[PDB]
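Structure assessment
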Amino acid sequence: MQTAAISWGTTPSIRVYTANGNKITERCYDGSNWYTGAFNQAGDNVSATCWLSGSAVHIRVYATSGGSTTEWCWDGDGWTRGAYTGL
Amino acid sequence: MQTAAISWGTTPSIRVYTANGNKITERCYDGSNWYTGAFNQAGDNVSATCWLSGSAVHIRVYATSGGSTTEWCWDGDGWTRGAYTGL
Amino acid sequence: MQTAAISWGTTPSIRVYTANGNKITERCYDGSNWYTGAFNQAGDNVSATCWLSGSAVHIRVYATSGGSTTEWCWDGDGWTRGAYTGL
Ligand SMILES: CC(=O)N[C@H]1[C@H](O[C@@H]2[C@@H](O)[C@H](O)O[C@H](CO)[C@@H]2O)O[C@H](CO)[C@@H](O[C@@H]2O[C@H](CO)[C@H](O)[C@H](O)[C@H]2O)[C@@H]1O[C@@H]1O[C@@H](C)[C@@H](O)[C@@H](O)[C@@H]1O
Ligand SMILES: CC(=O)N[C@H]1[C@H](O[C@@H]2[C@@H](O)[C@H](O)O[C@H](CO)[C@@H]2O)O[C@H](CO)[C@@H](O[C@@H]2O[C@H](CO)[C@H](O)[C@H](O)[C@H]2O)[C@@H]1O[C@@H]1O[C@@H](C)[C@@H](O)[C@@H](O)[C@@H]1O
Ligand SMILES: CC(=O)N[C@H]1[C@H](O[C@@H]2[C@@H](O)[C@H](O)O[C@H](CO)[C@@H]2O)O[C@H](CO)[C@@H](O[C@@H]2O[C@H](CO)[C@H](O)[C@H](O)[C@H]2O)[C@@H]1O[C@@H]1O[C@@H](C)[C@@H](O)[C@@H](O)[C@@H]1O
Ligand SMILES: CC(=O)N[C@@H]1[C@@H](O[C@@H]2O[C@@H](C)[C@@H](O)[C@@H](O)[C@@H]2O)[C@H](O)[C@@H](CO)O[C@H]1O
Ligand SMILES: CC(=O)N[C@@H]1[C@@H](O[C@@H]2O[C@@H](C)[C@@H](O)[C@@H](O)[C@@H]2O)[C@H](O)[C@@H](CO)O[C@H]1O
Ligand SMILES: CC(=O)N[C@@H]1[C@@H](O[C@@H]2O[C@@H](C)[C@@H](O)[C@@H](O)[C@@H]2O)[C@H](O)[C@@H](CO)O[C@H]1O
């Protein structure tokens, strides 16, 4: 089981991505309880990065399944497939 | 052997967490030599994130041992167990 | 195959490091297409962190090959070996 962690803002908000059993899932903290996030994609390995434009977070998650990495994008309205390609 | 890296401030300070042999340890840079940090917890996988409140760093380390992830918190006065729960 | 991801600035710029087959490589985004970066070093595991001094990025990549981690530094003019030592 393998994780990636990101955080932003002053609360802060935290997101922890966990790869387990070929599934990546997401747990979320926004200042009170931890909860399960919307992100669900295939993979055995995960990394992530984020940035703020004002108060709005943008997240990129790099989900690797076997020999292929897929980027997933959060830009305020759902998870969308990004343009990233690997070697 | 698997690592996680965080950094903050303008020096910068860097912390590198290494999982090896079911032990996670910490090496630290604050502008001169690298040294061994106080963090020691069980795990075969590690991620980390941090933020600043003014000059004061807050660190969260996610230590995974088998099928369970535990959060460890640095908030200026020692490492304490966090509220994070996984699936 | 295992990745690390960093990002900076407002574009943003993103760097994704991938360890595969004992080689770590780098893919780069600066606002248009993804491209292959200059970084190439040995390892089966990678983490990374970065910071800005004004507009200038500084990157540290921690490349682990077997039982040894080596730090690699980007400070505006090529990749150089850092002072990091592990246990
Ligand atoms: C508190 C919370 O849950 N916020 C989530 C929110 O997730 C909800 C679920 O709580 C609910 O059960 O289901 C609905 C779908 O019917 C939804 O998935 O979704 C919102 C809207 O996308 C998002 O809240 C925003 O979060 C940011 C954090 O900076 C900010 O506070 C903003 O004002 C909120 O509106 C939350 O979604 C999670 O966080 C995202 C950044 C991303 O990680 C998601 O995958 C998470 O589910
Ligand atoms: C330079 C240094 O060592 N700072 C450490 C400091 O660690 C010391 C050890 O050096 C000494 O050998 O043992 C004592 C215990 O008897 C202690 O563990 O501990 C201080 C206080 O917690 C902390 O320094 C603070 O670091 C921040 C960095 O932003 C800042 O400069 C502040 O002004 C300092 O007081 C250092 O602890 C390390 O960094 C922490 C953030 C965390 O990573 C720890 O696990 C590290 O040991
Ligand atoms: C757009 C781009 O490619 N920028 C790279 C640039 O890489 C070039 C290659 O494009 C070309 O094919 O080969 C030459 C060697 O002959 C070179 O490797 O290299 C520049 C200069 O080092 C660097 O651009 C700078 O990037 C920063 C990003 O913040 C900023 O925009 C600045 O103004 C640019 O000058 C790019 O190098 C990449 O990014 C680095 C941070 C690091 O990740 C490298 O390993 C990447 O190759
Ligand atoms: C926000 C931005 O800089 N660009 C968006 C486009 O690219 C997506 O995000 C960037 C950061 C990088 O992760 C890409 O791989 C990813 O595809 C995106 O394609 C476009 C879609 O309409 O939206 C831009 O805002
Ligand atoms: C600093 C903060 O926002 N909350 C602290 C509490 O939660 C701890 O930190 C947050 C960021 C998250 O990592 C939690 O899982 C973690 O438990 C903490 O329980 C409380 C203890 O007295 O202190 C708050 O400051
Ligand atoms: C930029 C800085 O704080 N120090 C540089 C020196 O150390 C290198 O960078 C730091 C952040 C840390 O990663 C070290 O392990 C790494 O060696 C560097 O040795 C020196 C070389 O001339 O340049 C400093 O600017």
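Residues numbered from 1 in each chain as written, not as in the entry; some residues may be left out. Chains lettered and ligands numbered in written order. Heavy atoms only, no water.

The deposited coordinates, according to the entry record, derive from X-ray crystallography at 1.60 Å resolution.

In the nomenclature of the PDB entry, chain A is known as BAMBL LECTIN of Burkholderia ambifaria. The title attached to this entry in the PDB is "Structure of Bambl lectine in complex with lewix x antigen".

With that settled, consider the relation of the copies chain C and chain B. The relation between the two chain copies is a rotation about an axis coupled with a shift along that axis. When chain C is fitted to chain B, the best match, at an RMSD of 0.0 Å, comes from turning it 120° and sliding it 0.0 Å along the axis. On this basis, the relationship between the two copies can be described by a three-fold rotation axis. (Least-squares fit on C-alpha atoms.)

What follows deals with the interface of chain B and chain A. By convention, interface size is frequently given as the accessible area that disappears when the constituent parts associate. Taken together, the contacts link 20 residues of chain B with 15 residues of chain A. Taking both sides of the interface into account, the surface hidden between chain B and chain A amounts to around 1,300 Å²; carbon and sulfur atoms contribute 57%. On the surface where chain B and chain A come into contact, there are four residue pairs in polar contact. Looking at the side of chain B that touches chain A, the elements with two or more residues in it are β5 (45-53), β6 (56-65) and β7 (68-74) of chain B. In terms of residue class, the side of chain B that touches chain A is made up of seven nonpolar, 10 polar and three charged. (Contact = heavy atoms within 4.5 Å. Buried area = accessible area lost by both parts, 1.4 Å probe. Polar contact = N/O pair within 3.5 Å; in protein donor to acceptor, adjacent residues only side chain to side chain. Helix = DSSP H or I, 4+ residues; strand = E, 2+ residues; numbered from the N terminus. Nonpolar A, V, L, I, M, F, W, Y, C, P; charged D, E, K, R; others polar.)

What follows concerns the site of ligand 1. All names here are of chain A. Around ligand 1, the surrounding shell consists of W8, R15, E26, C28, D30, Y35, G37, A38, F39, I59, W74 and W79. Contact between ligand 1 and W79: an oxygen atom at 2.9 Å from a side-chain N or O atom of the residue. Compared with its free state, where it exposes 850 Å², ligand 1 has 43% of that area covered by protein. When residues of the shell around ligand 1 are traced back to their parent elements, those giving at least two are β3 (23-29) and β4 (34-42). Sorting elements by how many residues they give to the shell around ligand 1 places β4 first, with four residues. (Near = heavy atom within 4 Å. Areas by Shrake-Rupley, 256 points an atom, 1.4 Å probe, with all protein chains shown as cover.)

What follows deals with the sheet that holds strand β6 (residues 56-65) of chain A. All names here are of chain A. Taken in spatial order, the four strands of this open sheet run β5-β6-β7-β8, and their pairing is antiparallel. If you trace the sheet from one side to the other, it starts and ends with β5 (45-53) and β8 (79-81), each paired once. Pairwise comparison of adjacent strand axes, ignoring direction, gives a mean angle of 25° for this sheet. Both β6 and strand β7 (residues 68-74) contribute to a ladder of seven bridges, which runs antiparallel. For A63, the partnering residue across the bridge sits in β7 and is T70. (Pairing = 2+ DSSP bridges. Axes fitted to C-alpha atoms, helices over the stretch in contact; angles between N-to-C directions.)

With that settled, consider the site of ligand 3. All names here are of chain C. Neighbouring ligand 3 are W8, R15, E26, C28, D30, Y35, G37, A38, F39, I59, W74 and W79. In the model, a nitrogen atom of ligand 3 is placed 3.3 Å from a nitrogen or oxygen of the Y35 side chain. One of the backbone nitrogen or oxygen atoms of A38 is found 3.0 Å away from an oxygen atom of ligand 3. Only β3 (23-29) and β4 (34-42) provide two or more residues apiece to the shell around ligand 3. Broken down by element, the residue count for the shell around ligand 3 peaks at four residues, all from β4.

Turning our attention to the side chain of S47 of chain C. Here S47 of chain C shows up in strand β5 (residues 45-53). Accessibility expressed as a relative area gives 5% for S47 of chain C, which makes it buried. (Buried < 20%, exposed > 50% of the residue type's maximum accessible area, 1.4 Å probe, protein only.)

What follows is about the state of the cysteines. All chains considered together, the criterion is met by zero disulfides over all chains. Sulfur of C50 of chain C: no disulfide; nearest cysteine sulfur belongs to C50 of chain A and is 11 Å away. (Disulfide = S-S within 2.5 Å.)

Time to look at the pattern of salt bridges. Residues and elements named next belong to chain C. The full count for this structure, using the stated rule, is six salt bridges over all chains. Two residues, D30 and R15, come together in a salt bridge whose shortest N-O distance is 3.0 Å. Taken as a pair, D30 in the loop between β3 and β4 and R15 in strand β2 (residues 13-20) lie far apart in primary sequence, 15 residues in all. With relative accessibility at 35%, the residue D30 sits in the partly exposed group. On the basis of relative accessibility, which here comes to 10%, the residue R15 falls in the buried class. (Salt bridge = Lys/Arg side-chain N within 4 Å of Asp/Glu carboxyl O.)

Residue and element names in this part refer to chain C. Enumeration according to the criterion identifies 24 aromatic pairs over all chains in this entry. Their ring planes at 80° and their centres at 5.5 Å tell us that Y17 and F39 sit as a pair that is edge-to-face. Highlighted residues: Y17 in strand β2 and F39 in strand β4, separated in sequence by 22 residues. Like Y17, the residue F39 is buried in the burial classification. (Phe/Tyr/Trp six-rings, centres within 6.5 Å; stacked < 30°, edge-to-face > 60°.)

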